[PDB]
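What the coordinates show
The chain contents come next:
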Amino acid sequence: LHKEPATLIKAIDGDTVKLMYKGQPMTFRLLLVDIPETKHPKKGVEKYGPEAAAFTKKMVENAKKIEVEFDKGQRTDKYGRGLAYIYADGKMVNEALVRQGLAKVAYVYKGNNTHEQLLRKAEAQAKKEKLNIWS
């Protein structure tokens, strides 16, 4: 797996951020996390939705270096979003959210599972600490 540099354009949700990647703007969906959304045709602002969104935003907004890491499976979803792990100054946003109890580990999409155990590890811990969604 290779980390590549990107530039923040805008944070959109807990699970989605818009980056400048290889010169072109592009939307990315965080791999392997299921996040309370502020979007939704229905349910919209769900429990921990604005908290996950605020966390993701602060994390990428305060970083001086954003890196994107694609996995070994399919690299975009049916809506055209890049499927990746996002790093803010060396620290993985995906893991951060799960460790803080602000997302759950999602079902593995299309062969994309290199960091699945690392995230499941983080999830059990947040669970054990009864954090946010696990309260």
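Just above sits the structure.
In this report, we go over the structure that sits alongside the text. (Residues numbered from 1 in each chain as written, not as in the entry; some residues may be left out. Heavy atoms only, no water.)

Here's the deal with the environment of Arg75
The criterion, for reference: The helix and strand labels rest on DSSP assignments: H or I over at least four residues marks a helix, E over at least two residues marks a strand, and numbering proceeds from the N terminus. Exposed residues in this analysis have more than 50% of their type's maximum accessible area, buried residues have under 20%, and partly exposed residues fall in between, with area computed by a 1.4 Å probe over protein chains only. The criterion used for residue contact is that any of the two residues' heavy atoms lie within 4.5 Å. Residues adjacent in sequence count toward polar contacts only when both atoms are side-chain atoms; beyond that, a polar contact is any pair of N or O atoms within 3.5 Å, and within protein one must be able to donate a hydrogen and the other to accept it.
With respect to the element layout, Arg75 can be found in the loop between strand 5 (66-70) and strand 6 (82-88). Note on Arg75: relative accessible area 42%, which makes it partly exposed. Sequence spacing of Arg75 and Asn112 is 37 residues, and the spatial spacing of their C-alpha atoms is 8.6 Å. Contact partners of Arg75, with chain neighbours within four places excluded, come to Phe70, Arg81, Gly82 and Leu83. In this structure the side chain of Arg75 is engaged in a polar contact, spanning 2.8 Å, whose partner is the backbone oxygen of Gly73.

Overview of the nonpolar core
One recurring pattern in soluble globular proteins is that nonpolar side chains are buried together. Inclusion rule: Buried residues of nine kinds, namely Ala, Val, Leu, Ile, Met, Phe, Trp, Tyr and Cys, make up a nonpolar core once their side-chain atoms join them within 4.5 Å.
Among the nonpolar cores identified, the biggest contains 34 residues, and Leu19, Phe28, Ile86, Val93 and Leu97 are the most heavily contacted of them. Elements that contribute at least two residues to this core include exactly strand 1 (3-11), strand 2 (16-21), strand 3 (24-30), helix 1 (49-61), strand 5, strand 6, helix 2 (93-99) and helix 3 (116-128). Ignoring anything within four residues of it in the chain, the contact list for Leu19 reads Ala6, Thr7, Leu8, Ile9, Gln24, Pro25, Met26, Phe28, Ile66, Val68 and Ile86.

Some points on the pattern of salt bridges
Rules: Counted as salt bridges are all cases of a side-chain nitrogen of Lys or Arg within 4 Å of a carboxyl oxygen of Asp or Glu.
As enumerated under the stated definition, the model contains eight salt bridges in all. Residues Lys57 and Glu61 are paired through a salt bridge, measuring 2.5 Å at the closest nitrogen-oxygen approach. With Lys57 and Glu61 both in helix 1 and four residues apart, this pair spans about one turn of that helix. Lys57 sits in the partly exposed class, given a relative accessible area of 40%. Classification of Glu61 as partly exposed rests on a relative accessible area of 42%. Between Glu95 and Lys91 there is a salt bridge, with the nearest N and O atoms lying 2.9 Å from each other. With relative accessibility at 29%, the residue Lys91 sits in the partly exposed group. In the salt-bridge network here, residues are joined through shared partners; they are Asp15, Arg29 and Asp34.

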